[PDB]
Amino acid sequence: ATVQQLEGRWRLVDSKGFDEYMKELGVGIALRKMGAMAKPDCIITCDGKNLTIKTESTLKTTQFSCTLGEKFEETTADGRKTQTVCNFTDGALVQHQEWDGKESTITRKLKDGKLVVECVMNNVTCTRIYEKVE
C-alpha cells in the first residue's frame, strides 16, 4: 500500500456515525444538517511528500494542503483551527488533529477498491465509504 494509490476523485456512497461524530465535535445544527445531506466528492492528490485533500459538494467545499509529517494549521469544515499532521503509516493516510486540549483522528485507506474514511474523537466514530469515479 502506498499514498499514491489513494489519489483521485472519489464519491461518497455510504455513511455511518457521521452525525454522532459531529455532535462530539460540538458542531451546531446548521453545519450538522449540511453534513447530513451533502454527498461530497473527495479529491486526493499527492506529489512526493505534498498532499492536498479537497472535499467538494454544492453544499460545502473544503480544501487543505500539507507536507507529510509536518505540523500545520488546518481550518476544518466546521471552522476549528487545529494543529494537524498527516502521515502515510501502516498502509493508511492518518490525519491527526489537536486543538484546545482535544484531539481527533481521521484515517483514509483503500479496502476492496473503495476509499474508507474513518473519523474518531473520544471513541465516537464515523465510517464513510467512497467509490472511485472518473
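In this text, the rigid core denotes the largest set of C-alpha atoms whose superposition between the two forms falls within 1.5 Å. One rule holds for the numbers: they count along the sequence shown, beginning at 1.
With each structure aligned by its rigid core, the stretch whose Cα atoms sit farther from this model in 7 other deposited structures of this protein, between 55-63 and 89-97, is 55-63.
Greater average departure of CA atoms from the shown form, over structures and residues in 7 other deposited structures of this protein after a core fit, characterises 28-36 among 28-36 and 77-85. When the mean C-alpha temperature factors of 91-99 and 37-45 are read from the deposited coordinates, 37-45 comes out higher.
Legend: mean Cα B-factor per stretch from the PDB entry, 51-59 versus 28-36; the higher mean is in 28-36. Among all modelled residues in its chain, residue 126 ranks in the middle third by Cα B-factor. Residue 20: CA B factor in the middle third of modelled residues in this chain (values from the PDB entry). Annotation for residue 12: C-alpha temperature factor in the middle third relative to the rest of the modelled chain, per the entry. Residue 120: CA B factor lies in the lowest third for its chain, per the PDB record.
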